[PDB]
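Q: experimental structure and its sequence below.
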Amino acid sequence: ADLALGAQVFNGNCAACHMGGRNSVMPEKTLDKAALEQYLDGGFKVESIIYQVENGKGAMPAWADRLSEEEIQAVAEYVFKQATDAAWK
Ligand code: HEC
């Protein structure tokens with residue numbers, strides 16, 4: 001009910017382009033650890049993920065006006081955890 005919320009948020013809003021941690025729109029801009037340290041502003045850290053979800057980037061939409069801060073934290077922890085544990089799909 002935090003990490004699960006994040007998984008809940010991931011599935012409902014993120015899976016459309018990040019199915020299984022990949023990136024349908026920008027294939028290279030993947031959700032696994034290596035891609036994140038390479039492409040994510042600020043690097044691989046939960047705070048950088050949060051910032052990208054809130055603000056969006058390029059073809060990635062901003063979720064600040066749709067999700068709560070709490071869910072944005074939750075989903076960032078989820079992405080962070082999946083990449084660290086390499087649990088994608
Ligand atoms: C498709 C319309 C998208 C939805 C739905 C979400 N994201 Fe996304 N994301 C998408 C693109 C096109 C990009 C790259 C943007 C760019 O031009 O750089 C991204 C990137 C990410 C990343 C960074 C991945 C990396 O750099 O390797 C993260 C952390 C990310 N996206 C997370 C994320 C979450 C948690 C979403 C659900 C709320 C979400 N994205 C939705 C396309 C789309």
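A: All right, it came through fine. Residues are numbered from 1 along each chain as shown.

Q: and the helices in this structure?
A: 3-9, 15-18, 33-39, 46-55, 69-85 (DSSP state H).

Q: would TSV of the ones you listed with mean neighbour count and distance to residue 61 be doable?
A: C-beta coordinates here come from the backbone N, C-alpha and C atoms, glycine included. Formatted as TSV, the helices of the chain follow (neighbours: other Cβ atoms under 10 Å; distance: least, Cβ to Cβ, whole Å):
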stretch	mean neighbour count	distance to residue 61
helix 3-9	17	14
helix 15-18	14	9
helix 33-39	15	17
helix 46-55	18	9
helix 69-85	19	13
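
Q: distance to residue 63 added to those, as a markdown table?
A: What follows is the helices of the chain, written out as a markdown table (distance: least, Cβ to Cβ, whole Å):
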| stretch | distance to residue 63 |
| --- | --- |
| helix 3-9 | 9 |
| helix 15-18 | 12 |
| helix 33-39 | 17 |
| helix 46-55 | 5 |
| helix 69-85 | 6 |
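
Q: dump these to CSV, plus distance to the ligand.
A: Listed next are the helices of the chain as CSV, based on distance: least, Cβ to the nearest ligand atom, whole Å:
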stretch, distance to the ligand
helix 3-9, 6
helix 15-18, 3
helix 33-39, 3
helix 46-55, 5
helix 69-85, 5
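
Q: so which of those is nearest residue 25?
A: Closest approach to residue 25 among the helices of the chain (Cβ to Cβ): helix 15-18, 5.4 Å.
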